[PDB]
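Next up, input-v3.txt (compact mmCIF, N, CA and C atoms and all ligand atoms):
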# COMPACT_ATOMS: atom_id res chain seq x y z
N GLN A 1 64.58 -145.33 -187.79
CA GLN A 1 63.58 -145.55 -188.88
C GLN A 1 64.19 -145.20 -190.24
N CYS A 2 63.47 -145.57 -191.29
CA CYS A 2 63.77 -145.11 -192.63
C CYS A 2 62.81 -143.98 -192.92
N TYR A 3 63.03 -143.24 -194.01
CA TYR A 3 62.08 -142.21 -194.45
C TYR A 3 61.36 -142.60 -195.75
N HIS A 4 60.10 -142.20 -195.87
CA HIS A 4 59.28 -142.49 -197.06
C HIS A 4 59.41 -141.39 -198.11
N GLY A 5 59.48 -141.79 -199.38
CA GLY A 5 59.53 -140.84 -200.49
C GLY A 5 60.73 -139.92 -200.37
N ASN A 6 60.49 -138.61 -200.41
CA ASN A 6 61.57 -137.63 -200.27
C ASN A 6 61.83 -137.21 -198.82
N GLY A 7 61.08 -137.79 -197.89
CA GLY A 7 61.32 -137.60 -196.46
C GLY A 7 60.63 -136.40 -195.85
N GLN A 8 59.77 -135.73 -196.61
CA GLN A 8 59.07 -134.54 -196.12
C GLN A 8 58.27 -134.86 -194.85
N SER A 9 57.76 -136.09 -194.75
CA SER A 9 56.91 -136.51 -193.63
C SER A 9 57.67 -137.15 -192.47
N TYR A 10 58.99 -137.31 -192.61
CA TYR A 10 59.81 -137.90 -191.55
C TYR A 10 59.76 -137.05 -190.28
N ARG A 11 59.50 -137.70 -189.15
CA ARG A 11 59.41 -137.03 -187.87
C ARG A 11 60.17 -137.76 -186.76
N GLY A 12 61.16 -138.56 -187.14
CA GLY A 12 62.01 -139.27 -186.17
C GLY A 12 63.01 -138.35 -185.50
N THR A 13 63.87 -138.93 -184.67
CA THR A 13 64.74 -138.17 -183.79
C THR A 13 66.22 -138.26 -184.19
N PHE A 14 66.49 -138.74 -185.40
CA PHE A 14 67.86 -138.85 -185.89
C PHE A 14 68.38 -137.44 -186.17
N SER A 15 69.67 -137.22 -185.88
CA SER A 15 70.26 -135.88 -185.92
C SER A 15 71.75 -135.91 -186.32
N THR A 16 72.10 -136.81 -187.23
CA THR A 16 73.48 -137.01 -187.64
C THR A 16 73.58 -137.01 -189.17
N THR A 17 74.60 -136.34 -189.70
CA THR A 17 74.75 -136.22 -191.15
C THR A 17 75.50 -137.40 -191.75
N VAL A 18 75.51 -137.45 -193.08
CA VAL A 18 76.21 -138.49 -193.84
C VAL A 18 77.72 -138.56 -193.58
N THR A 19 78.31 -137.45 -193.11
CA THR A 19 79.75 -137.41 -192.80
C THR A 19 80.03 -137.51 -191.30
N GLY A 20 78.99 -137.78 -190.51
CA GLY A 20 79.12 -137.94 -189.07
C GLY A 20 79.06 -136.65 -188.27
N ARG A 21 78.64 -135.57 -188.91
CA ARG A 21 78.48 -134.29 -188.22
C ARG A 21 77.12 -134.25 -187.52
N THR A 22 77.02 -133.38 -186.53
CA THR A 22 75.83 -133.24 -185.72
C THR A 22 74.95 -132.11 -186.24
N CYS A 23 73.65 -132.36 -186.28
CA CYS A 23 72.69 -131.34 -186.70
C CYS A 23 72.63 -130.18 -185.72
N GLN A 24 72.60 -128.98 -186.27
CA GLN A 24 72.31 -127.76 -185.52
C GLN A 24 70.82 -127.72 -185.24
N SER A 25 70.44 -127.13 -184.11
CA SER A 25 69.02 -126.96 -183.79
C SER A 25 68.39 -125.92 -184.72
N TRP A 26 67.18 -126.20 -185.18
CA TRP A 26 66.49 -125.33 -186.14
C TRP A 26 66.20 -123.94 -185.57
N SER A 27 65.97 -123.87 -184.26
CA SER A 27 65.69 -122.60 -183.61
C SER A 27 66.96 -121.75 -183.40
N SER A 28 68.14 -122.36 -183.51
CA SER A 28 69.40 -121.68 -183.24
C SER A 28 69.97 -121.01 -184.49
N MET A 29 70.68 -119.90 -184.27
CA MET A 29 71.35 -119.17 -185.35
C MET A 29 72.86 -119.38 -185.34
N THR A 30 73.35 -120.34 -184.55
CA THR A 30 74.79 -120.60 -184.48
C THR A 30 75.08 -122.10 -184.56
N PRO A 31 76.12 -122.50 -185.30
CA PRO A 31 77.05 -121.67 -186.08
C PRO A 31 76.49 -121.05 -187.36
N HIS A 32 75.33 -121.50 -187.82
CA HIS A 32 74.77 -121.01 -189.09
C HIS A 32 73.51 -120.19 -188.87
N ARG A 33 73.54 -118.95 -189.35
CA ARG A 33 72.37 -118.08 -189.36
C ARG A 33 71.54 -118.48 -190.56
N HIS A 34 70.24 -118.64 -190.33
CA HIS A 34 69.34 -119.14 -191.35
C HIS A 34 67.92 -118.72 -191.02
N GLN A 35 67.00 -119.05 -191.91
CA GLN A 35 65.62 -118.63 -191.79
C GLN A 35 64.66 -119.79 -191.58
N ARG A 36 65.20 -121.00 -191.61
CA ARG A 36 64.37 -122.19 -191.55
C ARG A 36 64.08 -122.56 -190.09
N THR A 37 63.37 -121.67 -189.41
CA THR A 37 63.05 -121.86 -188.02
C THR A 37 61.63 -122.35 -187.79
N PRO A 38 61.46 -123.04 -186.58
CA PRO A 38 60.07 -123.48 -186.33
C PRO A 38 59.12 -122.29 -186.23
N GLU A 39 59.65 -121.18 -185.74
CA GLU A 39 58.67 -119.90 -185.78
C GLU A 39 58.09 -119.52 -187.20
N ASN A 40 59.07 -119.59 -188.11
CA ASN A 40 58.84 -119.23 -189.50
C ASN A 40 58.10 -120.32 -190.24
N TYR A 41 58.30 -121.57 -189.82
CA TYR A 41 57.76 -122.75 -190.50
C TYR A 41 57.10 -123.72 -189.50
N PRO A 42 55.89 -123.37 -189.01
CA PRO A 42 55.37 -124.11 -187.86
C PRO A 42 54.87 -125.53 -188.11
N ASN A 43 54.67 -125.94 -189.36
CA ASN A 43 54.11 -127.27 -189.59
C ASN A 43 55.07 -128.27 -190.19
N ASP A 44 56.36 -127.96 -190.15
CA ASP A 44 57.39 -128.81 -190.74
C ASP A 44 58.13 -129.65 -189.71
N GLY A 45 57.72 -129.57 -188.45
CA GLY A 45 58.26 -130.42 -187.39
C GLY A 45 59.70 -130.11 -187.02
N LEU A 46 60.07 -128.83 -187.04
CA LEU A 46 61.46 -128.41 -186.85
C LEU A 46 61.83 -128.37 -185.37
N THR A 47 61.70 -129.55 -184.76
CA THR A 47 61.91 -129.78 -183.34
C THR A 47 63.39 -130.02 -183.05
N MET A 48 63.88 -129.42 -181.97
CA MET A 48 65.27 -129.57 -181.53
C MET A 48 66.22 -129.49 -182.74
N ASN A 49 67.06 -130.51 -182.93
CA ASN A 49 67.98 -130.58 -184.08
C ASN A 49 67.73 -131.83 -184.92
N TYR A 50 66.46 -132.23 -185.02
CA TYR A 50 66.11 -133.46 -185.72
C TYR A 50 66.12 -133.28 -187.23
N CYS A 51 66.60 -134.30 -187.94
CA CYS A 51 66.66 -134.29 -189.40
C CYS A 51 65.28 -134.11 -190.00
N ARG A 52 65.15 -133.16 -190.91
CA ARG A 52 63.87 -132.85 -191.52
C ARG A 52 64.04 -132.45 -192.98
N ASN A 53 62.96 -132.53 -193.74
CA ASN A 53 62.96 -132.03 -195.11
C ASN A 53 61.82 -131.04 -195.32
N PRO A 54 62.00 -129.78 -194.88
CA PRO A 54 60.91 -128.83 -195.01
C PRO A 54 60.80 -128.16 -196.38
N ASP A 55 61.75 -128.40 -197.28
CA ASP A 55 61.82 -127.65 -198.53
C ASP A 55 61.81 -128.55 -199.77
N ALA A 56 61.24 -129.74 -199.63
CA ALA A 56 61.09 -130.65 -200.75
C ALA A 56 62.44 -130.94 -201.42
N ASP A 57 63.45 -131.16 -200.60
CA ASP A 57 64.69 -131.72 -201.08
C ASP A 57 64.42 -133.21 -201.25
N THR A 58 65.47 -134.01 -201.36
CA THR A 58 65.26 -135.40 -201.68
C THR A 58 65.56 -136.35 -200.55
N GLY A 59 65.87 -135.78 -199.40
CA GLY A 59 65.97 -136.52 -198.17
C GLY A 59 66.01 -135.57 -196.99
N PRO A 60 65.75 -136.20 -195.77
CA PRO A 60 65.90 -135.31 -194.60
C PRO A 60 67.33 -134.78 -194.46
N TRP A 61 67.47 -133.54 -194.00
CA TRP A 61 68.77 -132.88 -193.91
C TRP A 61 68.75 -131.99 -192.67
N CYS A 62 69.86 -131.33 -192.41
CA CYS A 62 69.92 -130.34 -191.35
C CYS A 62 71.11 -129.42 -191.57
N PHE A 63 71.07 -128.25 -190.93
CA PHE A 63 72.27 -127.43 -190.79
C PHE A 63 73.20 -128.16 -189.84
N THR A 64 74.51 -128.04 -190.04
CA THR A 64 75.45 -128.83 -189.23
C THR A 64 76.18 -127.96 -188.23
N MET A 65 76.68 -128.62 -187.18
CA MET A 65 77.42 -127.92 -186.13
C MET A 65 78.87 -127.64 -186.53
N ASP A 66 79.28 -128.11 -187.70
CA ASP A 66 80.57 -127.75 -188.26
C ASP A 66 80.40 -126.38 -188.93
N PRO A 67 81.07 -125.35 -188.41
CA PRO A 67 80.89 -124.00 -188.96
C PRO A 67 81.26 -123.85 -190.44
N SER A 68 82.08 -124.77 -190.96
CA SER A 68 82.49 -124.74 -192.36
C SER A 68 81.52 -125.46 -193.31
N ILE A 69 80.54 -126.18 -192.76
CA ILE A 69 79.60 -126.97 -193.57
C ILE A 69 78.17 -126.55 -193.21
N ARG A 70 77.54 -125.76 -194.07
CA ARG A 70 76.25 -125.17 -193.73
C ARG A 70 75.16 -126.23 -193.51
N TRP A 71 75.03 -127.17 -194.44
CA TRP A 71 74.01 -128.21 -194.31
C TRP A 71 74.43 -129.49 -195.02
N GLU A 72 73.83 -130.60 -194.60
CA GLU A 72 74.04 -131.89 -195.22
C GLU A 72 72.80 -132.76 -195.11
N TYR A 73 72.70 -133.76 -195.99
CA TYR A 73 71.72 -134.81 -195.82
C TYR A 73 72.10 -135.64 -194.60
N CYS A 74 71.08 -136.17 -193.94
CA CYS A 74 71.28 -137.04 -192.80
C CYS A 74 71.55 -138.46 -193.21
N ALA A 75 72.20 -139.21 -192.32
CA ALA A 75 72.56 -140.60 -192.55
C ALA A 75 71.36 -141.51 -192.28
N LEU A 76 70.32 -141.31 -193.08
CA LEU A 76 69.09 -142.08 -193.03
C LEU A 76 68.93 -142.73 -194.38
N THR A 77 68.21 -143.85 -194.39
CA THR A 77 67.95 -144.60 -195.60
C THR A 77 66.48 -144.43 -196.01
N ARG A 78 66.21 -144.45 -197.32
CA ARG A 78 64.83 -144.43 -197.83
C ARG A 78 64.15 -145.76 -197.51
N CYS A 79 62.88 -145.72 -197.12
CA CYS A 79 62.12 -146.95 -196.83
C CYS A 79 61.91 -147.76 -198.10
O1 LIG B 101 70.35 -121.74 -196.23
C1 LIG B 101 69.39 -122.49 -196.20
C2 LIG B 101 69.46 -123.94 -196.57
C3 LIG B 101 69.15 -124.07 -198.04
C4 LIG B 101 69.33 -125.49 -198.57
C5 LIG B 101 68.79 -126.54 -197.61
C6 LIG B 101 68.68 -127.91 -198.26
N1 LIG B 101 67.82 -127.83 -199.44
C7 LIG B 101 68.50 -126.98 -200.41
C8 LIG B 101 68.58 -125.55 -199.88
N2 LIG B 101 68.10 -122.07 -195.80
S1 LIG B 101 67.81 -120.51 -195.17
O2 LIG B 101 69.02 -119.93 -194.61
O3 LIG B 101 66.60 -120.52 -194.38
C9 LIG B 101 67.45 -119.63 -196.66
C10 LIG B 101 68.38 -118.74 -197.17
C11 LIG B 101 68.07 -118.06 -198.33
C12 LIG B 101 66.86 -118.28 -198.95
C13 LIG B 101 65.93 -119.16 -198.43
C14 LIG B 101 66.24 -119.84 -197.27
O4 LIG B 101 65.38 -120.76 -196.68
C15 LIG B 101 64.09 -120.24 -196.35
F1 LIG B 101 63.28 -120.31 -197.45
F2 LIG B 101 63.57 -121.03 -195.36
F3 LIG B 101 64.11 -118.95 -195.89
CL CL B 102 58.80 -140.61 -193.46
I need this file expressed as structure tokens, please.
Amino acid sequence: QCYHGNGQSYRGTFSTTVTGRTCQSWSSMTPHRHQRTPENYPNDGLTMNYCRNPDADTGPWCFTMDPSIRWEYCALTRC
């Protein structure tokens, strides 16, 4: 799918960044320790490692499984 507006409402299952890296799961603290967990943020759809925009960025993003790259925008297009 594409995402609407800034992607805050996106709930698809895409999990890949603009550089081809894989999204880290929101519930996981490895490789990146963070606070953006579904426990902490229950209505933002932070399911598995799916691309999401819980913080009003400008597109869906995720923490990445590359330990040297904390987060990236996902390879999704605006609708
Ligand atoms: O490190 C990040 C990612 C921050 C980026 C994500 C893309 N939008 C710009 C900020 N988030 S974090 O570790 O949870 C985090 C770390 C410090 C402050 C806030 C914060 O997010 C939250 F508010 F949820 F606690
Ligand atoms: Cl959307």
From the list A:12, A:5, A:67, A:54, the nearest residue to ligand LIG 101 (chain B) using all atoms listed in the file is A:54
Please provide the set of residues having any atom within 8 Å of residue 57 (chain A), restricted to only N, CA and C atoms, with same-chain residues fewer than 4 positions apart removed, written as an MDAnalysis selection string. chainID A and resid 5:8 52:53 61
Which of chain A end up as strand (DSSP E) when DSSP is run on this backbone - answer as number ranges by chain? A: 61-63, 71-73
Could you tell me, counting only N, CA and C atoms and all ligand atoms, which protein and nucleic acid residues lie no more than 6 Å from ligand CL 102 (chain B), written as a PyMOL selection string? chain A and resi 2-4+7-11
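Among the candidates A:35, A:25, A:77, A:43, the residue lying nearest to residue 65 (chain A) is A:25 (atoms considered: only C-alpha atoms).
When atom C10 of ligand LIG 101 (chain B) is paired with CA of residue 66 (chain A), their separation reads 17.6 Å.
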Within 7 Å of ligand LIG 101 (chain B) (only N, CA and C atoms and all ligand atoms), residues as JSON, numbers by chain: {"A": [33, 34, 35, 36, 37, 55, 56, 57, 58, 61, 62, 70, 71, 72]}
Hey, what's within 6 Å of region 47-50 of chain A if we count only N, CA and C atoms and toss same-chain stuff fewer than 3 positions away? As a VMD selection string, please? chain A and resid 12 to 15 23 to 27
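What separates atom C of residue 74 (chain A) from atom N of residue 21 (chain A) is a distance of 8.8 Å.
Take atom C of residue 45 (chain A) and atom C of residue 68 (chain A): the distance between them is 23.2 Å.
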Using only N, CA and C atoms, the shortest atom-to-atom distance to residue 16 (chain A) among A:51, A:69, A:39, A:79 belongs to A:51
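Shortest atom-to-atom contact with residue 31 (chain A) among A:73, A:64, A:59, A:44: A:64, counting only C-alpha atoms.
If you measure from each of A:38, A:17, A:1, A:46 to residue 75 (chain A) using only C-alpha atoms, the closest one turns out to be A:17.
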